[PDB]
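Peer 1: Take this structure first; my questions come after.
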Amino acid sequence: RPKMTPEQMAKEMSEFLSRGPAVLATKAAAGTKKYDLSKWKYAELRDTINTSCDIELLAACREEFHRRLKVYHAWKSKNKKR
Numbered sequence: 056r057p058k059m060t061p062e063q064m065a066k067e068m069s070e071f072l073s074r075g076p077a078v079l080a081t082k083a084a085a086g087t088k089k090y091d092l093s094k095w096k097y098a099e100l101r102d103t104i105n106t107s108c109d110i111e112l113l114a115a116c117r118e119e120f121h122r123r124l125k126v127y128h129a130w131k132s133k134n135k136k137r
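Using the working numbering, read the sequence shown as starting at 56 and increasing by one per residue.
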């Protein structure tokens, strides 16, 4: 496989979410972090959603992106500067 970059995955992730819909409303009694895919690799996540059909699952992945996205941008912004 080719060489992967944090900026590349960050762009693919961010846009991935912006592309997906947002008419969700399953919010009930609060509960969605029931799926911990933090370990899943960017390739695994994107892949799963690319070849999956599970609502809850799909959501989990997307959520794992948004999370590691704001964090990646935060830590990066803090690490960038000297």
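Positions of the beta carbon are idealized from the N, C-alpha and C atoms, including for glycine.
With contact counted as at least three CB pairs below 8 Å, one residue from each stretch, are the region 63 to 82 and the region 119 to 130 in contact?
Peer 2: Verdict: yes, contact present.
Peer 1: Going by DSSP, what residue range makes up the alpha helix (DSSP H) through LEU124?
Peer 2: For the purposes of this step, residue 124 is taken as the residue at position 69 of the sequence shown. 110 to 135 is the span of the alpha helix (DSSP H), which, as asked, contains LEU124.
Peer 1: What's the C-alpha gap between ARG137 and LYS94?
Peer 2: Position 82 of the sequence shown holds residue 137. Position 39 of the sequence shown holds residue 94. Rounded to whole angstroms, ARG137 to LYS94 spans 29 Å at the Cα level.
Peer 1: Which residue from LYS96, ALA114 and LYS58 puts its Cα closest to that of residue 2?
Peer 2: As displayed, the chain neither begins before 56 nor continues past 137, which places residue 2 out of reach and without an answer.
Peer 1: So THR87 is in the alpha helix (DSSP H); what residue range does that whole segment cover?
Peer 2: Taking the first residue of the sequence shown as position 1, residue 87 is located at position 32. Bounds of any alpha helix (DSSP H) do not take in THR87, whose DSSP letter is neither H nor E.
Peer 1: Is it buried or exposed for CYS116, if we count other Cβ within 10 angstroms and need 16 for buried?
Peer 2: In the sequence shown, the residue the question calls residue 116 occupies position 61. So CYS116 ends up on the buried side.
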